[PDB]
2 protein chains.
Amino acid sequence: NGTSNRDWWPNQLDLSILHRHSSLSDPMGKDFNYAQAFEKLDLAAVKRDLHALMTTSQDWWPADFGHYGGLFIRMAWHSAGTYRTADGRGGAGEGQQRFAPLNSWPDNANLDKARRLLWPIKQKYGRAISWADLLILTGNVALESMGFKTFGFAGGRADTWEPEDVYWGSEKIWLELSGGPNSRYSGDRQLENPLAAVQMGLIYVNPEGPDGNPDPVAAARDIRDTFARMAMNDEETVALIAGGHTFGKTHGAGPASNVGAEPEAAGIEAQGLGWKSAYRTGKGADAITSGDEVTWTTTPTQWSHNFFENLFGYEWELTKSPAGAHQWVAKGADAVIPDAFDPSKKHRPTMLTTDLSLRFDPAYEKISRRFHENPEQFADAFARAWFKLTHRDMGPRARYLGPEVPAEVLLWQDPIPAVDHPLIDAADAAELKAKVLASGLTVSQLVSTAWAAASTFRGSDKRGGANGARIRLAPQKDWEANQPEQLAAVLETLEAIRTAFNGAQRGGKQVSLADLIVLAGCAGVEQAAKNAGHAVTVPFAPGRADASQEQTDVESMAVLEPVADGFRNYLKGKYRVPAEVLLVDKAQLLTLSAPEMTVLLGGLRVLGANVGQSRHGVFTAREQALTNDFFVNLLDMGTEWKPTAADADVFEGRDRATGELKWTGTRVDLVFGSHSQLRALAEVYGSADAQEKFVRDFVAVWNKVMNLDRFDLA
Amino acid sequence: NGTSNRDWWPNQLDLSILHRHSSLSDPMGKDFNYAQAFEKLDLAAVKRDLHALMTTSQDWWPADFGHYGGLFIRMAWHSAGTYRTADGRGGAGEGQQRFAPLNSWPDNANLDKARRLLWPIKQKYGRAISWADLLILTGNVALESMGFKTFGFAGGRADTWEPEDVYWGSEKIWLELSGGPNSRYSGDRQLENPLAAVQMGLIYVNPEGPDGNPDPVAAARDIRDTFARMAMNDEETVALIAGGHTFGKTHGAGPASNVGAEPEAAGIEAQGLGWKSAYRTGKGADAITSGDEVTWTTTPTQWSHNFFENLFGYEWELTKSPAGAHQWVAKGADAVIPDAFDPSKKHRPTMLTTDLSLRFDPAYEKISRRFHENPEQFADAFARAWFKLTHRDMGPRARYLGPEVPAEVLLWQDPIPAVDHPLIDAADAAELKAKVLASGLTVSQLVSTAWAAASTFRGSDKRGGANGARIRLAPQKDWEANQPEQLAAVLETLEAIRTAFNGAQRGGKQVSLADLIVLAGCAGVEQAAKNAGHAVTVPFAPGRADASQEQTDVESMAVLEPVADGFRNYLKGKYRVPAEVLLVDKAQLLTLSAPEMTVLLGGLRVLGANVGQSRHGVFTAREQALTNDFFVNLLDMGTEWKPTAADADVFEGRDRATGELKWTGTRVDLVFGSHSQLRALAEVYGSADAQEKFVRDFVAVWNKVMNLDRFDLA
Ligand code: HEM
Ligand code: HEM
Ligand SMILES: [Cl-]
Ligand SMILES: [Cl-]
Ligand code: NA
Ligand code: NA
């Protein structure tokens with residue numbers, strides 16, 4: 001097999017994750033805009049076709065109970081269910097279930113069949129509906145078909161054309177149980193961040209119980225922890241699990257050894273499908289997906305209150321499925337559950353270990369009893385939590401498309417108030433920038449503050465950014481990386497400038513504090529250019545609004561805290577992963593290419609954006625002037641670098657002839673002089689003909705960051 | 001470490017090689033044109049800087065004999081020396097020595113020092129001179145400075161910003177001796193295609209002899225074989241080796257275990273340098289590079305004919321360097337060779353085993369004696385060989401920039417005559433297209449002929465393409481893929497149309513056969529569109545010229561024969577590599593992305609472009625009509641695919657319900673319905689809204705292919 005750079009240097013840094021998703025891999029034109037296509041779709045027509053499909057059984061994967069609805073609910077719920085709150089990565093929003101590795105994860109077994117049943121609709125409507133939107137809409141139509149009224153639905157998830165680079169864990173074996181050489185668990189069952197599943201290739205938890213031990217109480221612990229890591233609390237979790245398991249069935253009709261290769265390993269003749277089974281007919285009555293053989297309710301194709309009636313109305317006995325999996329059966333019950341294919345056959349109620357957790361964990365039991373006693377509350381909670389599940393990674397409501405978008409504003413959507421007044425224009429922005437610069441705020445304060453406000457954005461789930469002025473709220477105002485005391489001084493001076501500008505206006509014109517933060521950042525960048533002898537205008541677009549503290553969930557904001565921000569040379573503690581790996585990870589969440597990451601970091605260093613005014617990487621003698629000094633001095637072969645005695649992650653730069661100390665830096669600084677691709681970029685900006693390019697490229701990337709969350713202007 | 005798709009499915013096909021070189025990874029703006037920048041460089045000022053640098057020693061890597069010339073000649077010969085004729089990949093043309101893996105190959109040890117000595121000049125001239133051109137120019141200036149007249153120099157190698165994907169071999173250990181589990185040799189020392197070096201991480205051969213065995217005669221076999229695979233014959237090989245080894249020295253002052261990590265494995269503080277040595281001062285007189293310790297001539301900083309005077313004026317004794325390497329010393333000679341740092345110390349003549357090859361291989365010996373006796377013949381040969389070496393991957397002479405380009409047209413350049421007459425205009429091209437269609441030639445003939453002419457292009461060394469009409473000449477006219485009897489019938493009809501059009505003109509206007517083949521291909525694609533109910537114009541740009549047989553080296557053209565062309569569903573024999581891997585390899589040589597590859601193949605299928613009118617992949621009932629039928633039929637779940645009995649690489653597609661035979665295909669056809677990323681592309685073009693998109697994208701990629709070699713219009 002051809003040996004690659006990854007084989008020879010398996011811990012060198014990987015920049016290809018910044019250049020994924022180029023116009024090269026994209027079949028659509030560079031002008032294609034999915035939102036526009038979707039806004040012309042006849043959504044009602046698509047939903048009529050999806051309703052028809054529900055009961056149009058295909059012989060190559062016959063519909064249980066004559067209705068694919070359960071299968072499609074699972075499909076939708078797995079699409080959404082890869083989401084991790086720690087980085088925003090996963091979720092339904094890019095349709096990644098159709099690409100490796102998720103198309104071939106064990107927990108996604110036979111979802112390949114679900115997707116292929118949808119090809120005719122996809123084909124008929126073409127680019128006007130993405131796969132990503134289709135997987136979610138199909139889940140919704142399955143619910144409606146079976147009698148459950150959904151809370152609504154938004155389109156606008158554009159398709160992607162290759163796999164996302166996501167850390168799913170370090171195990172080398174599918175479904176490996178914990179405590180191995182790459183265990184994702186340590187200590188008292190502590191799941192490593194950013195992971196949100198208990199075994200490699202599962203969505204959340206193991207349905208037999210933790211590492212296969214069928215203890216519902218301990219399974220509950222894993223459920224609570226994973227679902228929390230997917231942004232779901234106890235009420236939402238119980239509602240989702242019981243709601244989902246109101247429908248359909250599991251599949252475990254014989255031994256697992258009968259099941260063949262997952263899709264990415266199957267032969268070319270399988271045409272993109274996998275898990276071909278040698279057990280009896282391989283499908284339908286003989287299907288094997290998970291190994292469990294459980295049908296939860298007496299009407300699997302219809303919404304009912306039967307899941308909690310069974311859960312609490314029987315006592316449960318441990319038993320084994322025909323594949324050998326642990327599962328539970330109702331003591332003394334009659335055979336009341338219908339068979340999926342034989343009208344003469346009925347079954348006793350059965351449950352997964354993880355279903356019983358809803359009854360035997362003390363906190364879930366109280367919610368489950370309440371939903372049992374008050375089924376209208378169960379229905380409303382499940383509808384809401386299904387909407388959250390399937391929309392949690394879509395970002396601000398400004399991105400939601402179509403006629404079924406719920407009007408209700410939810411807290412998890414980090415809502416921004418509407419703007420209801422005239423915005424400031426170019427003359428006003430010049431006047432405000434002059435006031436900011438006359439107040440005595442420094443280039444370093446102005447740039448650091450705007451950076452702090454805007455760089456919480458992540459492209460993974462489209463959360464964060466400067467819109468909202470949440471930097472002035474709990475918890476962002478207290479984050480160590482934001483320099484709380486310095487921040488508090490900047491915000492007070494800005495709030496006074498604001499108050500005075502707004503008080504002098506006629507009409508209703510006013511400026512938001514969100515805009516003014518970003519504008520003042522722009523004024524600092526202009527001033528820094530002036531300090532370097534360059535006349536530069538930084539673009540600015542108004543229209544941000546200020547969100548209140550009550551519109552800002554403090555516990556949900558915690559995951560946006562930067563614990564590593566190489567752009568401010570900050571690391572909150574010691575991590576296993578080297579700090580340059582962390583930098584490229586942050587660049588990816590910010591949507592930056594390598595050239596953009598390089599320009600941006602070089603500029604920020606010389607503008608004074610480091611936390612604590614650390615001199616590390618400040619390779620200039622004219623701090624607060626916008627120059628390419630970082631690059632020119634980094635690349636100077638006059639200087640020799642060595643790790644310090646005290647700290648092997650800090651390096652001193654000394655004159656090679658005299659021995660004299662010139663600089664210090666971190667790993668994030670020096671990686672630009674080390675990595676052969678980054679140093680090629682640094683060379684371009686460190687050349688003699690590059691000062692104007694460096695300024696212009698810096699302003700462009702600064703502006704890009706300031707507008708990351710500006711979906712009102714998209 | 002993070003487990004990746006490559007880990008789980010290490011034999012899946014890798015599309016990412018088609019999406020390198022995106023505007024994402026490029027720090028220059030999308031409008032930057034290197035040739036425009038280079039054309040304004042003051043090349044004489046760069047050469048005067050380089051000339052000064054040759055004798056300006058830096059203490060971190062002191063210059064042997066006070067002169068860096070030998071070091072820089074070796075740098076330039078290794079930049080160029082990775083070139084393989086089999087695929088055109090490697091060579092100096094993209095400056096790849098500064099990226100992985102080449103930057104860290106053992107045979108490139110201490111060239112990192114060379115390149116860092118050139119940073120200050122790079123920095124001074126910035127974007128107007130690429131690293132790629134500078135590596136070469138430096139070698140030239142080193143030669144000039146030491147009294148050798150070069151044949152010339154062309155600029156125009158644009159820099160690249162990431163590593164090329166290249167197969168360098170399958171070994172997992174650097175320098176692994178042959179016969180291991182991934183041996184690049186089989187049979188009677190047969191080096192596998194497309195390799196051109198004897199061990200992983202070597203440029204050509206092992207300087208101690210084959211797998212370390214110090215036998216000059218057997219070493220000569222490895223020399224001849226590898227240089228041939230780099231397009232150099234015996235005369236050129238002797239001239240290059242003896243020419244190079246007229247200068248400088250090797251470095252092996254102590255044991256190799258003193259040498260540390262190569263650059264890609266070194267610490268971040270090494271700032272992109274590697275091979276730090278613990279032996280005495282680690283550099284200058286104590287340097288260790290190869291392990292050998294040989295100084296070939298009595299004036300290592302001056303051109304001379306002393307290499308052959310020594311080679312033939314002494315007898316040679318096998319000896320060991322201070323690092324333990326085999327090398328050879330002159331029996332009973334005086335100490336006449338100067339020491340590199342101590343003017344009081346002198347040495348006996350020494351040689352590598354591979355130097356002695358030039359005397360003890362009987363064919364090389366006759367050339368080496370001729371060069372010994374006639375050193376002006378040696379100087380001319382070396383100059384010409386050095387130009388060829390350092391230009392062989394640059395492409396057509398229309399790409400050569402600057403004031404030192406040699407006027408002599410060389411046969412290896414596959415030269416195209418100048419055009420000295422008015423070109424046809426749009427009205428003429430319309431008239432010719434109508435004439436071609438009225439002659440009775442079919443869509444299938446016209447498309448297959450144009451495809452065959454244009455698709456010889458490879459972007460690795462920019463050889464091939466339709467310019468020259470070499471399709472009408474030996475050897476192309478007889479290549480099996482080109483269907484020689486059908487080809488000859490087409491070309492005769494086209495040549496009569498040409499003769500009649502050119503006979504009717506006034507005023508010098510005429511059309512070349514090269515242009516008319518391309519134009520006729522365009523007429524075929526228009527008619528196929530017409531046949532599908534679509535009026536399109538395919539662009540066409542005239543200006544191709546016809547090359548003669550005498551301007552066509554037949555042996556050199558052999559490497560351009562397509563032995564696997566998935567775009568014509570063609571495989572000349574059985575290869576170890578699956579046919580789909582070969583398809584992606586061809587797409588990369590054609591410079592296509594994955595969407596361009598997918599569109600083009602789908603279209604070609606339904607236009608009748610398959611070799612031999614094979615029905616494999618012809619998934620249409622309206623052959624010669626430009627439609628998206630390939631995709632619609634491939635993606636139809638009504639059809640079930642199975643490998644045939646006779647041949648496991650050919651599949652039958654049968655109706656799932658009736659069993660009726662609908663189609664047959666190869667691996668190349670069915671990969672588009674298997675691989676998860678290619679199927680996502682196929683889905684776009686197989687959608688109900690895609691007919692217009694399909695046509696337009698097909699026309700665009702067709703025209704791209706037709707113009708691949710049109711650097712006269714760049
Ligand atoms: C602790 C969380 C959960 C666990 C451990 C889990 C486990 C499973 C398993 C093992 C199956 C059987 C797969 C098969 O063999 O075909 C399955 C089926 C299913 N699950 Fe879940 N589940 C979880 C949560 C959810 C959620 C949140 C939903 C939706 C809101 C959901 C909806 C479904 C449905 C509809 C099916 C049936 C599919 C069919 O009829 O083909 N489950 N579940
Ligand atoms: C059979 C082909 C070749 C072999 C095996 C060979 C081998 C080597 C070796 C082992 C070294 C010493 C590396 C070190 O210790 O510093 C070297 C040096 C060098 N080679 Fe070659 N070589 C070959 C062909 C070439 C050619 C084609 C050229 C250029 C036309 C060239 C130019 C040089 C020069 C100039 C040096 C001296 C470097 C210095 O002064 O630092 N060689 N060769
Ligand atoms: Cl993702
Ligand atoms: Cl290459
Ligand atoms: Na996400
Ligand atoms: Na090449």
# chains A, B, ... in the order shown; residues from 1 in each chain; ligands from 1
call {"tool": "interface_residues", "arguments": {"of": "chain B", "to": "chain A", "cutoff": "6 Å", "atoms": "only C-alpha atoms", "output": "mmCIF file with N, CA, C and O atoms, in the first residue's frame"}}
result
data_model
loop_
_atom_site.group_PDB
_atom_site.id
_atom_site.type_symbol
_atom_site.label_atom_id
_atom_site.label_comp_id
_atom_site.auth_asym_id
_atom_site.auth_seq_id
_atom_site.Cartn_x
_atom_site.Cartn_y
_atom_site.Cartn_z
ATOM 1 N N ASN B 1 -3.912 8.250 18.892
ATOM 2 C CA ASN B 1 -4.327 9.229 17.787
ATOM 3 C C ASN B 1 -5.827 9.088 17.218
ATOM 4 O O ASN B 1 -6.429 8.022 17.350
ATOM 5 N N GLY B 2 -6.405 10.160 16.615
ATOM 6 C CA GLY B 2 -7.810 10.174 16.090
ATOM 7 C C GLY B 2 -8.000 9.155 14.987
ATOM 8 O O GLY B 2 -7.259 9.157 14.043
ATOM 9 N N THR B 3 -8.947 8.225 15.084
ATOM 10 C CA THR B 3 -9.045 7.181 14.043
ATOM 11 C C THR B 3 -9.741 7.805 12.828
ATOM 12 O O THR B 3 -10.763 8.432 13.030
ATOM 13 N N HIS B 19 -8.493 17.178 -5.298
ATOM 14 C CA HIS B 19 -8.936 18.443 -4.784
ATOM 15 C C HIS B 19 -7.826 19.161 -4.023
ATOM 16 O O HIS B 19 -8.114 20.028 -3.252
ATOM 17 N N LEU B 24 -8.393 27.740 -1.551
ATOM 18 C CA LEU B 24 -8.280 27.735 -0.110
ATOM 19 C C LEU B 24 -6.842 27.776 0.413
ATOM 20 O O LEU B 24 -6.545 28.692 1.224
ATOM 21 N N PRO B 27 -1.979 31.191 -0.797
ATOM 22 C CA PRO B 27 -1.983 32.538 -0.236
ATOM 23 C C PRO B 27 -2.000 33.656 -1.258
ATOM 24 O O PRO B 27 -2.187 34.791 -0.855
ATOM 25 N N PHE B 99 8.612 20.725 0.646
ATOM 26 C CA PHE B 99 7.464 20.090 1.420
ATOM 27 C C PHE B 99 7.768 18.645 1.753
ATOM 28 O O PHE B 99 8.666 18.063 1.176
ATOM 29 N N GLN B 123 13.349 36.314 0.077
ATOM 30 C CA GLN B 123 12.753 37.456 0.745
ATOM 31 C C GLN B 123 12.878 38.758 0.053
ATOM 32 O O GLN B 123 11.844 39.471 -0.117
ATOM 33 N N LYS B 124 14.062 39.077 -0.470
ATOM 34 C CA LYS B 124 14.243 40.283 -1.208
ATOM 35 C C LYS B 124 13.359 40.426 -2.486
ATOM 36 O O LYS B 124 12.858 41.464 -2.714
ATOM 37 N N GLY B 126 10.678 38.396 -3.349
ATOM 38 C CA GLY B 126 9.279 38.085 -3.056
ATOM 39 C C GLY B 126 8.615 37.283 -4.177
ATOM 40 O O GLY B 126 9.228 36.258 -4.700
ATOM 41 N N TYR B 167 2.898 8.355 -5.663
ATOM 42 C CA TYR B 167 3.369 7.040 -5.193
ATOM 43 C C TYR B 167 4.883 6.950 -5.323
ATOM 44 O O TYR B 167 5.390 6.860 -6.441
ATOM 45 N N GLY B 169 6.502 4.508 -3.564
ATOM 46 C CA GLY B 169 6.751 3.114 -3.206
ATOM 47 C C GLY B 169 5.886 2.731 -1.958
ATOM 48 O O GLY B 169 5.169 3.586 -1.386
ATOM 49 N N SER B 170 5.947 1.444 -1.632
ATOM 50 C CA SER B 170 5.130 0.816 -0.549
ATOM 51 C C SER B 170 5.905 0.456 0.726
ATOM 52 O O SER B 170 5.300 0.085 1.742
ATOM 53 N N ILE B 268 10.122 21.495 17.219
ATOM 54 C CA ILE B 268 9.624 22.762 16.733
ATOM 55 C C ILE B 268 10.716 23.847 16.812
ATOM 56 O O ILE B 268 10.814 24.680 15.900
ATOM 57 N N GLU B 269 11.644 23.754 17.757
ATOM 58 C CA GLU B 269 12.715 24.732 17.883
ATOM 59 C C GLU B 269 13.730 24.676 16.776
ATOM 60 O O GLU B 269 14.484 25.648 16.610
ATOM 61 N N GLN B 271 13.031 24.852 13.795
ATOM 62 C CA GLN B 271 12.543 25.869 12.813
ATOM 63 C C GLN B 271 12.745 25.375 11.371
ATOM 64 O O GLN B 271 13.260 26.049 10.515
ATOM 65 N N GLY B 272 12.372 24.156 11.155
ATOM 66 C CA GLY B 272 12.266 23.618 9.787
ATOM 67 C C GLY B 272 13.491 22.948 9.255
ATOM 68 O O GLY B 272 13.459 22.420 8.116
ATOM 69 N N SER B 593 -11.189 17.636 -11.356
ATOM 70 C CA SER B 593 -11.824 17.369 -10.033
ATOM 71 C C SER B 593 -12.750 16.202 -10.068
ATOM 72 O O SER B 593 -12.979 15.672 -11.163
ATOM 73 N N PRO B 595 -16.113 16.104 -9.412
ATOM 74 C CA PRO B 595 -17.295 16.437 -10.281
ATOM 75 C C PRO B 595 -16.952 16.491 -11.763
ATOM 76 O O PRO B 595 -17.781 16.035 -12.600
ATOM 77 N N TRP B 641 -27.133 -5.713 -9.448
ATOM 78 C CA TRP B 641 -25.878 -5.893 -10.130
ATOM 79 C C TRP B 641 -25.123 -7.086 -9.518
ATOM 80 O O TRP B 641 -25.069 -7.211 -8.280
ATOM 81 N N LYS B 642 -24.553 -7.926 -10.379
ATOM 82 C CA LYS B 642 -23.730 -9.048 -9.934
ATOM 83 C C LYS B 642 -22.552 -9.261 -10.819
ATOM 84 O O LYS B 642 -22.715 -9.150 -12.023
ATOM 85 N N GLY B 673 -21.698 4.240 -8.457
ATOM 86 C CA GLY B 673 -22.886 3.845 -7.731
ATOM 87 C C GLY B 673 -22.499 3.183 -6.484
ATOM 88 O O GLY B 673 -23.386 2.650 -5.836
ATOM 89 N N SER B 674 -21.190 3.207 -6.164
ATOM 90 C CA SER B 674 -20.737 2.504 -4.964
ATOM 91 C C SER B 674 -20.092 3.387 -3.951
ATOM 92 O O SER B 674 -20.356 3.371 -2.737
ATOM 93 N N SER B 676 -19.168 6.337 -1.768
ATOM 94 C CA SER B 676 -20.096 7.242 -1.221
ATOM 95 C C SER B 676 -19.975 8.663 -1.685
ATOM 96 O O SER B 676 -21.024 9.392 -1.782
ATOM 97 N N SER B 687 -30.519 13.628 -11.315
ATOM 98 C CA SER B 687 -31.722 14.189 -10.823
ATOM 99 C C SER B 687 -32.623 14.698 -11.930
ATOM 100 O O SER B 687 -32.104 15.013 -12.989
ATOM 101 N N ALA B 688 -33.911 14.853 -11.707
ATOM 102 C CA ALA B 688 -34.838 15.231 -12.763
ATOM 103 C C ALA B 688 -34.657 16.696 -13.259
ATOM 104 O O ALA B 688 -35.054 17.003 -14.328
ATOM 105 N N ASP B 689 -33.970 17.523 -12.491
ATOM 106 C CA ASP B 689 -33.792 18.934 -12.783
ATOM 107 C C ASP B 689 -32.407 19.116 -13.405
ATOM 108 O O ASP B 689 -32.013 20.234 -13.547
#
call {"tool": "residues_near_ligand", "arguments": {"ligand": "ligand 6", "cutoff": "8 Å", "atoms": "only C-alpha atoms and all ligand atoms", "output": "VMD selection string"}}
result
chain B and resid 83 to 84 87 to 94 393 459 to 462
call {"tool": "residues_around", "arguments": {"residues": "residue A:81", "least_positions_apart": "4", "cutoff": "12 Å", "atoms": "only C-alpha atoms", "output": "PyMOL selection string"}}
result
chain A and resi 73-77+85+88-93+95-97+102+107-108+136+196-197+201-205+226-232+237+240-241+386+388-393
call {"tool": "write_last_selection", "arguments": {"atoms": "N, CA and C atoms", "output": "compact mmCIF listing (two decimals), in the first residue's frame"}}
result
# COMPACT_ATOMS: atom_id res chain seq x y z
N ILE A 73 -38.11 7.43 11.46
CA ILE A 73 -37.90 8.16 12.74
C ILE A 73 -36.51 7.87 13.30
N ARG A 74 -36.08 6.58 13.26
CA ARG A 74 -34.76 6.24 13.67
C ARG A 74 -33.72 6.89 12.84
N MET A 75 -33.95 6.90 11.54
CA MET A 75 -33.02 7.51 10.56
C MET A 75 -32.78 8.96 10.91
N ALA A 76 -33.86 9.71 11.06
CA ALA A 76 -33.81 11.14 11.45
C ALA A 76 -33.17 11.37 12.73
N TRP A 77 -33.55 10.45 13.77
CA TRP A 77 -33.00 10.63 15.08
C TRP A 77 -31.54 10.31 15.01
N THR A 85 -22.19 18.95 22.07
CA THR A 85 -22.29 20.36 22.49
C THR A 85 -20.85 20.95 22.70
N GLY A 88 -19.80 21.46 18.88
CA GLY A 88 -20.80 21.67 17.85
C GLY A 88 -20.82 20.75 16.65
N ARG A 89 -19.85 19.81 16.61
CA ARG A 89 -19.64 19.00 15.53
C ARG A 89 -20.67 17.83 15.53
N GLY A 90 -20.88 17.19 14.40
CA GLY A 90 -22.04 16.30 14.25
C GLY A 90 -23.36 17.01 14.14
N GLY A 91 -24.46 16.25 14.30
CA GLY A 91 -25.79 16.75 13.99
C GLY A 91 -26.21 16.52 12.57
N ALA A 92 -27.48 16.86 12.29
CA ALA A 92 -28.12 16.64 11.03
C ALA A 92 -27.84 17.65 9.98
N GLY A 93 -27.22 18.75 10.37
CA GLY A 93 -27.22 19.95 9.55
C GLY A 93 -26.41 19.93 8.28
N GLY A 95 -26.03 16.77 6.56
CA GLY A 95 -26.30 15.49 5.91
C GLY A 95 -25.24 14.46 5.89
N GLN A 96 -24.33 14.52 6.84
CA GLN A 96 -23.16 13.58 6.87
C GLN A 96 -23.39 12.11 7.04
N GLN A 97 -24.68 11.69 7.27
CA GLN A 97 -24.93 10.30 7.49
C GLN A 97 -24.71 9.53 6.17
N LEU A 102 -19.92 7.71 9.10
CA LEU A 102 -21.23 7.56 9.71
C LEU A 102 -22.16 6.71 8.92
N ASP A 107 -24.16 1.48 14.64
CA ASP A 107 -25.44 2.02 15.09
C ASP A 107 -26.30 2.51 13.93
N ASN A 108 -25.69 2.74 12.82
CA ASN A 108 -26.43 3.09 11.57
C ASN A 108 -26.77 1.98 10.63
N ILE A 136 -34.47 14.90 7.74
CA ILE A 136 -35.28 15.46 8.81
C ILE A 136 -36.75 15.57 8.44
N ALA A 196 -19.34 12.20 22.91
CA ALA A 196 -20.69 12.24 23.42
C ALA A 196 -21.41 10.91 23.26
N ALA A 197 -20.62 9.87 23.09
CA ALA A 197 -21.04 8.50 22.98
C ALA A 197 -20.10 7.57 23.74
N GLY A 201 -18.72 4.14 17.29
CA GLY A 201 -19.76 3.70 16.39
C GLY A 201 -21.16 3.65 16.96
N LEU A 202 -21.32 4.02 18.25
CA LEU A 202 -22.67 4.25 18.77
C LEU A 202 -23.05 5.78 18.74
N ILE A 203 -24.33 6.04 18.65
CA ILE A 203 -24.94 7.36 18.71
C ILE A 203 -24.86 7.97 20.15
N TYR A 204 -25.43 7.30 21.15
CA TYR A 204 -25.23 7.70 22.53
C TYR A 204 -24.74 6.57 23.43
N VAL A 205 -25.64 5.62 23.78
CA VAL A 205 -25.34 4.58 24.70
C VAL A 205 -25.51 3.18 24.16
N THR A 226 -24.39 11.30 28.28
CA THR A 226 -24.39 11.51 26.83
C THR A 226 -25.44 12.48 26.32
N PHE A 227 -26.69 12.37 26.78
CA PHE A 227 -27.68 13.28 26.30
C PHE A 227 -27.34 14.72 26.76
N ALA A 228 -26.77 14.89 27.97
CA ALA A 228 -26.33 16.23 28.35
C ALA A 228 -25.29 16.77 27.45
N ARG A 229 -24.46 15.91 26.97
CA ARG A 229 -23.39 16.27 26.02
C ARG A 229 -23.91 16.47 24.61
N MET A 230 -25.19 16.16 24.43
CA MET A 230 -25.92 16.52 23.24
C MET A 230 -26.91 17.68 23.43
N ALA A 231 -26.78 18.36 24.58
CA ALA A 231 -27.60 19.56 25.02
C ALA A 231 -29.00 19.25 25.44
N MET A 232 -29.27 18.07 25.93
CA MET A 232 -30.62 17.66 26.35
C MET A 232 -30.63 17.37 27.89
N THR A 237 -34.79 14.26 27.50
CA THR A 237 -34.27 12.94 27.30
C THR A 237 -35.39 11.85 27.48
N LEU A 240 -37.91 12.22 24.60
CA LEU A 240 -37.37 11.69 23.33
C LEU A 240 -37.29 10.21 23.29
N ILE A 241 -36.81 9.61 24.37
CA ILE A 241 -36.62 8.14 24.32
C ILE A 241 -37.99 7.42 24.28
N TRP A 386 -38.25 16.92 19.98
CA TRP A 386 -37.96 16.49 18.59
C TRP A 386 -37.49 17.68 17.65
N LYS A 388 -36.07 20.50 18.78
CA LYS A 388 -34.74 20.85 19.28
C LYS A 388 -33.69 19.91 18.76
N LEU A 389 -33.97 18.61 18.94
CA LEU A 389 -33.08 17.59 18.43
C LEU A 389 -32.63 17.83 16.97
N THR A 390 -33.62 18.09 16.13
CA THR A 390 -33.41 18.10 14.71
C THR A 390 -32.98 19.52 14.19
N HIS A 391 -33.03 20.53 15.03
CA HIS A 391 -32.68 21.91 14.68
C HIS A 391 -31.47 22.51 15.51
N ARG A 392 -30.95 21.78 16.49
CA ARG A 392 -30.04 22.33 17.53
C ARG A 392 -28.75 22.81 16.91
N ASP A 393 -28.42 22.31 15.73
CA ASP A 393 -27.19 22.68 15.00
C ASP A 393 -27.40 23.60 13.81
call {"tool": "residues_near_ligand", "arguments": {"ligand": "ligand 2", "cutoff": "6 Å", "atoms": "only C-alpha atoms and all ligand atoms", "output": "NGL selection string"}}
result
:B and (70-71 or 73-74 or 77 or 205-207 or 223 or 240-241 or 243-245 or 247-251 or 289-292 or 354)
call {"tool": "select_by_dssp", "arguments": {"residues": "stretch 59-271 of chain B", "states": "strand (DSSP E or B)", "output": "PyMOL selection string"}}
result
chain B and resi 155+185-186+190-191+249+252+259
call {"tool": "select_by_dssp", "arguments": {"residues": "stretch 330-550 of chain B", "states": "alpha helix (DSSP H)", "output": "PyMOL selection string"}}
result
chain B and resi 353-360+362-373+375-391+426-438+443-454+484-503+513-531
call {"tool": "calpha_fit_rmsd", "arguments": {"fixed": "chain A", "moving": "chain B"}}
result
0.3 Å
